[PDB]
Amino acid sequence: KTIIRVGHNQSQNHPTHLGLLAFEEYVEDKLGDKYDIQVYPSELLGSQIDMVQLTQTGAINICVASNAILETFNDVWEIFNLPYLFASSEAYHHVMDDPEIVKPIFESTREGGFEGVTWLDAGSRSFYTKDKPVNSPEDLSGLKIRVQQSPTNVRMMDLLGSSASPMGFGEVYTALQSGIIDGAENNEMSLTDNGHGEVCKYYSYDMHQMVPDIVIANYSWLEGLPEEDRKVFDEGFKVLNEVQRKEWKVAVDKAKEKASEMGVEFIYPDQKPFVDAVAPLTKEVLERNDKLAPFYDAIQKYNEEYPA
């Protein structure tokens, strides 16, 4: 058979793994005599940055990468990394499901060896810290906060009066434990599935970003598929999206409960001071990249249709 290698950086219990297992089962049920889909969880194929590069060369076929890091491969991905971009999770989901918005973005990096085929839900990202609770941006002053390898997020930390420490997701637990960083920012699953709540017990819902995870496929590989095979893989990507999103809802609820049981304290800060502190980032990003405005306009229509 033809081996299709698929990587991601999450545990085997995470929604993304469950979605990819559904993908594998869907495709192999229709075409199993021909393809063996192999899913490599928990950074078995490397950190996310490692995997995107392996996808570019075709050493693996498909991987999952946070939108945060894709902006370094093509600047148009920056659009979904803007802080306080979406008014509501409903606005966000409708945006990511709108082909007129996502297709031009997903296809932007074909010359770099890959294209986006779907997205996966990763909730919203908020600050969590070890020693001191975050109630407003000034509480981040003098802290070192881990972010993804994303110039947008580095700039966001600068505007918050803080300092960014970019590193891969698998490094964060030990970096927190050793005191190399003071905190990080993510959805609630980081606390439980990745153990960050063992060290960080203050989780403050500033909800600065809703950053999609993107499923990317090697472009030569994908376009090389025979018509009928491509149709099955495409259907599989839709199943992946659907199963991951359903499982995400379940998992994030369980994560919140388990975090509480672990001793994490959830804080609900006033978001306005965070919004105002990082507003210049959106102004700067839009001014520098004129590809973005029409996507931003379209997102605003969804914000209006699905407000908070």
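One rule holds for the numbers: they count along the sequence shown, beginning at 1.
Trainee: Identify the stretch, either 104-112 or 123-131, whose C-alpha atoms have the larger mean B-factor according to the entry.
Mentor: It is 104-112.
Trainee: Identify the stretch, either 251-259 or 31-39, whose C-alpha atoms have the larger mean B-factor according to the entry.
Mentor: According to the PDB entry, the answer is 31-39.
Trainee: Would you mind checking which of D182, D213, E227, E71 has the top Cα temperature factor in the PDB entry?
Mentor: The listed residue with the largest C-alpha B-factor is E227.
Trainee: In the PDB entry, which of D234, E171, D206, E198 has its C-alpha at the highest B-factor?
Mentor: Out of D234, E171, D206, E198, the record gives the largest C-alpha B-factor to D234.
Trainee: Using the temperature factors of the C-alpha atoms in this entry, rank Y202 within its chain: lowest, middle or highest third.
Mentor: Lowest third of the chain for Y202's C-alpha B-factor.
Trainee: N187's Cα B-factor: lowest, middle or highest third of the chain?
Mentor: Lowest third - that is where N187 ends up once the chain's C-alpha B-factors are sorted.
Trainee: Relative to the other modelled residues of the same chain, rank the CA B-factor of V275 and answer lowest, middle or highest third.
Mentor: Within its chain, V275 is a middle-third residue by C-alpha B-factor, going by the deposited values.
Trainee: So where's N289 on the chain's Cα temperature factor ranking, which third?
Mentor: Its C-alpha B-factor belongs to the middle third of this chain's values.
Trainee: Rank-wise, by C-alpha B-factor, drop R146 into the lowest, middle or highest third of its chain.
Mentor: Bottom third by C-alpha B-factor.
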